[PDB]
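1. first portion of the complex, with coordinates as positioned in the assembly:
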Amino acid sequence: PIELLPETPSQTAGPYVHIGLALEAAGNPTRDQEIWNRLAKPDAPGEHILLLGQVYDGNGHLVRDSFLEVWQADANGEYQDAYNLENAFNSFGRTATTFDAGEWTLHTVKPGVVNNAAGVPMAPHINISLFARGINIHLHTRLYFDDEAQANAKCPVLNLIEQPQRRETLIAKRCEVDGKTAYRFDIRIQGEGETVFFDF
Amino acid sequence: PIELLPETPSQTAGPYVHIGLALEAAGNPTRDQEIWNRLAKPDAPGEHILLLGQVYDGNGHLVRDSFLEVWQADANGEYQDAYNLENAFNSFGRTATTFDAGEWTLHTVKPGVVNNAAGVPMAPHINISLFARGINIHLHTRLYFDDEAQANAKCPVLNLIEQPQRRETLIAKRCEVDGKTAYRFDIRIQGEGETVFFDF
């Protein structure tokens, strides 16, 4: 068969990822411009929300050195790939878990719906990539909203998961934080309630 | 790099380990002198205690053919290497689990405190080596006491175990047997509450 150049092999981010990708978190002086956890400026259209969660290992222990990257559509269900701090909304973000509390947080808007390749609409979702010491190749997952059951029910992606029980692992639980709309998304790397991870 | 002669590879003790290292236990005539489960004679200095425990497999079933080796300091935190049945105290001993009850017992004294290489004191402990059919290379553990919580909290060894919850696996629970001070120390080779095993 035909063979292309092989892709460069992945390697764990390691325990010090922070120094390179989350300067504030590592407790080091940051540069002028840094890519962080606030995707939307207060005056950006859409329902502003707060995202938060923890990461557990196979033993049920908190992963306090995880690094996550997110990609989402704006309120108009559009991907803003031109990253600029001046923008009111950026489709891309970065967050990390506290070495203490071990919780991550993000500031954004609830993303609009986008369609698949086939033209079928997918429920609002946030794409996440998890990195950390112990993870050889990063894990891909999606965040869904519990107040979108209708949509979630029709999702062409979510419907690819054979076992319905496994689908619930992708749904974030609506809550409030200081009278602010929040959603809690806990990732379970392995074992009971293991989160669905994708390949694409 | 420099390569030395490779160490002879380990092999399981197998199910008949008793014939060779636990004569009485195999139910065979013993020789004049045997290495058994009595580290201290009634007139040995220190606090005389009884140690007992069970060994579990990954299925929560009792391992009835296990063989255990112990090494500890005397009440003065001293290691008595010159093995002799004439001695009031021997730092080394052997024990095994009953083909029936499947419980091992040891008669000794509470070990004194010993310092690590860096001069830091380790909490009172007993070094354990586990052997049995199904175990290719023996398992190394340490037995700590629940009544030494203060020392335990500062143990440089105990402290190397990342997860606090796992440290608990090493603490023996103080009881009484025929009004004799006893400590129960169960070993869980695999699964839920799997005991911490070392490499050194």
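-> That came in fine, so what should we check first? Residues are numbered from 1 along each chain as shown, chains lettered A, B, ... in the order given.

2. next, name the residue at the spatial heart of chain A.
-> Among the residues of chain A, the one closest to the centroid is residue A:128, at 3.0 Å (C-alpha atoms, centre = their mean).

3. isn't that one right up against residue A:66?
-> No - with contacts defined as C-beta atoms under 8 Å, residue A:128 does not count as touching residue A:66, sitting 10.6 Å away. For every residue, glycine as well, the C-beta is placed using N, CA and C.

4. and residue A:96, what is it in contact with?
-> Going by C-beta atoms under 8 Å, 6 or more residues apart in numbering or on different chains, residue A:96 touches A:17, A:18, A:21, A:22, A:25, A:65, A:66, A:67, A:68, A:104.

5. show residues contacting whatever helix or strand the second one lives in.
-> Assessed by DSSP states H and E, residue A:18 sits inside helix A:17-21. Contacts of helix A:17-21 from elsewhere in the structure, counted by C-beta under 8 Å, 6+ apart, are A:25, A:26, A:28, A:65, A:67, A:94, A:96, A:131, A:132, A:133.

6. also, this goes in as chain C:
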Amino acid sequence: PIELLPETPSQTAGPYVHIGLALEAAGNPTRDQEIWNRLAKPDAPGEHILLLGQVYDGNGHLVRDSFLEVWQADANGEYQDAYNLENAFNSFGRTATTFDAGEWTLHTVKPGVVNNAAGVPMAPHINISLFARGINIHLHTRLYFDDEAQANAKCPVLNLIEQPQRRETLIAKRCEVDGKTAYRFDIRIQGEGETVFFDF
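-> Take a look at chain C, now in place beside the chains above:
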């Protein structure tokens, strides 16, 4: 390590270099436009000088088949790469030694000061490349002037020559020819007073 394509290997010019690179000298009919020994037209700005010299082999014998190429800055200390017979001044030239007298001549202007990569000024100089039968790979040297003693003392190039006695091999001796300002530059390929040759 990384390896590029290897450079084409050099070969001696051979005894007949003139037929190809110094037509007049070979005593053959020349073409409309030739690259010769007159770098400056009478109307060229700067101090008009005549350069002359002889080339010696390791036995002290004249090399009557040598071919020389020169590169120099104009009077402003500027390199004029755009070669044209129309130009009042060309930065490049060619000369050769007489099969008879064995002496070459060049008609030019005294070059201006140029700075090295680090911003330090080099004394006025003419870069020379020597070709001839018996020379496998051409020799690189530089001609300096005896009347630029102040500058010469400070040249970062000349200062790279470990032994001061060797620095003098690079200094042309000012004279006059038919009442014109001339400089004599002899090259000794080998032996007593062997001329410094460079690698770059």
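
7. and the contacts of residue A:96, now that chain C is in?
-> For residue A:96, the set of contacting residues under the criterion of C-beta under 8 Å, 6+ apart consists of A:17, A:18, A:21, A:22, A:25, A:65, A:66, A:67, A:68, A:104.

8. ditto for residue A:49
-> The neighbourhood of residue A:49, defined by C-beta under 8 Å, 6+ apart, consists of A:108, A:109, A:110, A:180, A:181, A:182, A:183.

9. look up how far residue A:93 lies from residue A:181.
-> Distance from residue A:181 to residue A:93, counting by C-beta to C-beta, to the nearest Å: 17 Å.

10. more crowded one of the two?
-> Each of residue A:181 and residue A:93 has its neighbours counted (other C-beta atoms under 10 Å in any protein chain shown); residue A:93 has more, 23 against 14.

11. so that one makes contact with residue A:39?
-> Yes - here residue A:93 lies in contact with residue A:39, judged by C-beta under 8 Å, at a distance of 4.6 Å.

12. who touches both of those two?
-> The overlap between the contact sets of residue A:93 and residue A:39 (C-beta under 8 Å, 6+ apart) consists of A:70, A:106, A:108.

13. burial of the first one, as a residue count?
-> Spelled out, that is residue A:70. Burial of residue A:70 is recorded as 20 neighbouring residues (other C-beta under 10 Å).

14. can you slot in chain D too:
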Amino acid sequence: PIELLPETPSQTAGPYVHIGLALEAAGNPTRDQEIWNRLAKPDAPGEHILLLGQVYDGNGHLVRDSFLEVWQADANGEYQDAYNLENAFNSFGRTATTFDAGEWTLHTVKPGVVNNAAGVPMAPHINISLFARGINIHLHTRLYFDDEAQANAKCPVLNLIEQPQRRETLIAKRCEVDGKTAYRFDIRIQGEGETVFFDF
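-> To build on what is shown above, here is chain D added in:
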């Protein structure tokens, strides 16, 4: 034939040899005990002398970074191998040439006579080893004295040099420094007057 283990190959001392073997000369702080150029305390028996010299390359230029080691018998023709800073006389010494003047000096006594393996007396001499950048494997020579002609004419060693004219290169010339007995011994590594170097 029989082959033994091969000797570790020599390498040039390099330009910075002073740092490891001529601390003072490198102009770096010395240790309590250093091996240097004073073989004899002022109160040692024999004729106290001062040795000095220069080292020249094949171009007749001074070698200003050479390092030398000396080995000689005491005035009684005896080798004092037990090196001690307490001794009035040491058989071994070290010197080096000035980064400036490029001259070395040694404070010792005139060596007494030693016999060769055959029982034949050798003329008084100092064994020298020369090290320096550009010297892959050190050079061995001997220093003989001009006022010992009689002995010199019969030296079994000196007699091994075919050419009489070459023997002359090993003879130090007697002088006086501040009314002190001195001998000058210049070393010419290459060319005219090249010093005899030995293999043993």
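
15. so which bits of the helix holding residue A:18 are buried?
-> By neighbour count with 16 or more other C-beta atoms under 10 Å in any protein chain shown, helix A:17-21 contains the buried residues A:17, A:18, A:21.

16. of those residues, which is the nearest to residue A:143?
-> Comparing those against residue A:143 with C-beta to C-beta picks out residue A:21 as the nearest, at 20.0 Å.

17. for residue A:101, see how far away that closest one is.
-> Relative to residue A:101, residue A:21 is positioned 19 Å away (C-beta to C-beta).

18. residue A:60 now?
-> 17 Å.

19. residue A:141 now?
-> In this structure, residue A:141 and residue A:101 are separated by 21 Å, where distance is defined by C-beta to C-beta.

20. more crowded one of those two?
-> Comparing residue A:141 with residue A:101 by other C-beta under 10 Å, the one with more neighbours is residue A:141, at 20 against 11.

21. export the helix or strand hosting residue A:95 to PDB, keeping only CA atoms.
-> Secondary-structure element containing residue A:95, defined by DSSP H and E: strand A:92-96. These are the backbone C-alpha positions of strand A:92-96, laid out as PDB (Å, rounded to 0.1, in the frame of the first residue of the first chain):
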ATOM      1  CA  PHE A  92      -9.700  28.600  22.000                       C
ATOM      2  CA  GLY A  93      -8.600  28.500  25.600                       C
ATOM      3  CA  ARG A  94      -6.300  26.900  28.200                       C
ATOM      4  CA  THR A  95      -6.800  25.800  31.800                       C
ATOM      5  CA  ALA A  96      -5.000  23.700  34.500                       C
END
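
22. sounds good, over and out.
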